[PDB]
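Coming up is one lone chain in structure tokens, specifically the form deposited in one PDB entry.
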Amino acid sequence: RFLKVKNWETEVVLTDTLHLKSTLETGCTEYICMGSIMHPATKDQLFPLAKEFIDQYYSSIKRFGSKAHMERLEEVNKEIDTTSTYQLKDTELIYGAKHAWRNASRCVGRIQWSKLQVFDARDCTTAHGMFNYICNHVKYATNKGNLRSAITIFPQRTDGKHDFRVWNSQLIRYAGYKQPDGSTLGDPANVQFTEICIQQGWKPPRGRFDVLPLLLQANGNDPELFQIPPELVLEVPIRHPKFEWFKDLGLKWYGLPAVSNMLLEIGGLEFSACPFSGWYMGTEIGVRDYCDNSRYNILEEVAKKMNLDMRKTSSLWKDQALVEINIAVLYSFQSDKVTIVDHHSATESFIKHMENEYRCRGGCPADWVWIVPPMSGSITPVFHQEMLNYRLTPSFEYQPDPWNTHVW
């Protein structure tokens, strides 16, 4: 059945037909919704998945049922038959990667989806090769602050024993250190990964903003440490346009958000190492990297310097302090000419993108729980936008952390 979605602010109604093309499950049933749950091959399984993906590719280049399509179908059938897998053409790889982003229901940045620079690293064989590919990625995507979306795609899974993995959750992150006195220096979200790197030979500078090394696994082997050359790591000292004491907080962040722990699924092939990067939405740094209790947790410090009344929560001191931190982050990246988007502009673009997708595609899977920004939700247009969430493929999926599976 066709499904309508209403924006209750504009009264705009869109009609979704695209959800009819999904097959993977969402985790909900008719009786229980799991919309706020973060996480709810063989030749036999492989050809239908390959067929569907090939079908939608040639349908996208408007040569469905062509001779080129027909021959690709048999080429792929014969290759699965004789090798238990197949290899994507370069055109298919690029199309698959763009559409995995296009289909990422949790991403508010998808208006850019077709401007993805795809780096084919399927010829990689060693961790040194991975490090070279990743440095080029970082260098290209950073582009001296004029950030450019990019993905680097390492070889697909074969038997599960020869996976390529970036053990880092993101290419650039700061270290976190469990202090003797109990607390945490650095980033508390990375305390475990930081200890894995120390356990592997990394000499930690035990600072507050120590860039972690890359820990890279090629073809199932033990992972190897690499230091990203610092000139490739663009950082922004966070200052504030009005509070001149803000720079004295000593804060900074990296310019390049680059997810490296996800799995890219295209035509039944699994790319366990596909680091992808874009540019930040300000709240990603300033609401949650700095103000989550289990993160940098600086709200108290900022509210202190703002001389706010912190005895009762109903003074909203946390909310004031939160806004000022996000002002500072936006102002800092913008003053350094480093690409960043505020959550008002990003959600604006997403509503526009949604309208584009409904028009040209028949829908747009979107995860309201993730799309609505972590602050000032209802003064953004997505808060009032009904969204339908469903799973389209190609897709980015979560996978287990490598240190839970790897036989050393």
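For clarity, a rigid core is taken as the largest C-alpha set superposing within 1.5 Å between two forms. Numbers follow the displayed sequence, beginning with 1. Only residues modelled in both forms are compared.
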Problem set entry | Of 155-163 and 134-142, the one with larger mean CA B-factor | 155-163
Exercise. If you average the CA temperature factors over each stretch, which comes out higher, 214-222 or 298-306?
Worked result: 298-306
For this session: Among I80, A100, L93, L330, single out the one with the highest C-alpha B factor in the record, please.
Result: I80
Exercise. Going by the deposited entry, which of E265, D289, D120, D336 has the highest CA temperature factor?
Worked result: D289
Problem set entry | For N293, the third of its chain into which the C-alpha B factor falls | highest
For this session: Select lowest, middle or highest to describe the third in which the CA B-factor of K352 falls within its chain in this entry.
Result: lowest
Seminar exercise, completed: Assert third(CA B-factor, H343) within chain per record equals lowest
Exercise. What third of its chain, lowest, middle or highest, does the C-alpha temperature factor of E25 fall into?
Worked result: highest
For this session: Determine, from the deposited record, the chain-internal third of the Cα B-factor for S105: lowest, middle or highest.
Result: lowest
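Quick note: we don't show the form deposited in another entry, though the next part is all about it.
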Problem set entry | Flagged residue of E195, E235, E75, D292 - C-alpha shift reaching 2 Å or more between the shown form and the other one, core superposed | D292
Problem set entry | Closer or farther: C-alpha pair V287/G377 in the other entry, relative to this form, given a change of 3 Å or more | farther
For this session: Indicate closer or farther: the Cα atoms of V191 and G286, in the other entry, relative to the displayed form, with a change of 3 Å or more.
Result: closer
For this session: Give the consecutive runs of 3+ residues, present in both forms, in which every C-alpha shifts by 2 Å or more between the shown form and the other one after rigid core superposition.
Result: 286-297
